[PDB]
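Okay, so we've got the same protein chain twice, two forms, each given alone as structure tokens, structure 1 and structure 2.
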Structure 1
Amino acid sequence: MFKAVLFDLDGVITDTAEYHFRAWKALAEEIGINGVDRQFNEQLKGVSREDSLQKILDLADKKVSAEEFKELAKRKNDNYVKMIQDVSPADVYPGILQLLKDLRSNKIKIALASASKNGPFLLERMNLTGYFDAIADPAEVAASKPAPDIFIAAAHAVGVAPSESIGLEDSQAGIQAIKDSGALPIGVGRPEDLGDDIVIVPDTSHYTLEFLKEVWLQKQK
């Protein structure tokens, strides 16, 4: 049986992938870059703050000083943080709270593997901090998803090897990071977007301890 579950936050626990998209959209248009639409946002999901800006910059081949780069990243975050002030326990996606309770009840470790530095604020505002045995600190992990670093760190932070872990993700980059880490990905979204080679659920209500066990087992074979 798997010994840990590594949670993405934005788009898995709550509807904050939407707000990241809005805020990034707003930053691009401000600096004159027009192609950050929903289809392009699929490449930004799971991607770290600085790396997300660089994708946006590359879209227009725009080049900026190191100082302006830092300033744009701060401006997007100041905006995003203003967007997420209403988040509360009411915004926790379906299945998630029960899943955390069941994981804690069955002594399965729970770790956050969110690239977001706003992760801890959101878990507290959603009154979920108590469920998390560990949070991987994006300030500590060298490389943004699709690099596995964050999922490796989360597994280790709860004393578990990635091969004994499930990762829950809504993004292409995060799913690749799970695979490359050795953990077992279970995606939430459209198969069109996240790939029909892995187990994809239409929404988080499908994420249940028993569903995770079925997946796991079927994997073992």
Structure 2
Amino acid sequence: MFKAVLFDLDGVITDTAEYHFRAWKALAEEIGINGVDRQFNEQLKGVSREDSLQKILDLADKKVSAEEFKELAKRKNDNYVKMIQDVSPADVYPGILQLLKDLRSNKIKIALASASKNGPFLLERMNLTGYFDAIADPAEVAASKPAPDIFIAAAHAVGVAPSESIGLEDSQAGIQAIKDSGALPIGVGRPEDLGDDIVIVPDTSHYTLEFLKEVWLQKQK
């Protein structure tokens, strides 16, 4: 049986993209740029802070100095940190808490494999820290997803080889990282987005210890 489960944060444990939205909306409003609404915020899924800021400046065909651009990106981060004070256990996706409990009670290791620079804070706000055996520090990984580095780090941090692990992800880049680490991917989403060659569930309520065990056994033959 698998010995560890390696979780991304955004799209699996919780949605952080909503707080990123509030932070950008606040910045846009402060600098007098209209049009940062929920629809626009879809154009920011998977997008860097720097690329996101440029898309916001583009709403007003606005050109800024490199120093001002840096300062605006900093202010957005300051805003995001304020916004996420409101994260709570209500933010936890369906099925996830019961999964974490069941993994823990069965002595299956639990690690976070997220690019989030706020991962530990966000797990604490959601009252989940006590379930995690490790959090892979994204500041210590050389290469981001789709590179397998973060998943390899998460597995190692709980004393397992990735080959002993399942990885849960909602993004194509993250599924590729799981694959290339040697861990078994189980995606949440659609094959159109994630790939046609892995097991996928439609939402996180399907991530049960029973289902994971079934998939693991089905994939060992």
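For clarity, a rigid core is taken as the largest C-alpha set superposing within 1.5 Å between two forms. One-based numbering along structure 1's sequence throughout. Only residues modelled in both forms are compared.
- Of the listed residues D15, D193, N41, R104, only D15 lies at a hinge between rigid parts moving between structure 1 and structure 2; the rest are more than 12 positions from any hinge.
- A rotation of 37 degrees carries the smaller rigid part relative to the larger between structure 1 and structure 2, according to C-alpha superpositions.
- After superposition on the rigid core, the Cα atom of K82 is displaced by 4.1 Å between structure 1 and structure 2.
- Here the two forms are laid over each other by their core, and the C-alpha of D91 is off by 1.3 Å between structure 1 and structure 2.
- Once the two forms are aligned on their core, only one segment of at least three consecutive shared residues with Cα displacements of 2 Å or more between structure 1 and structure 2 appears, at 17 to 86.
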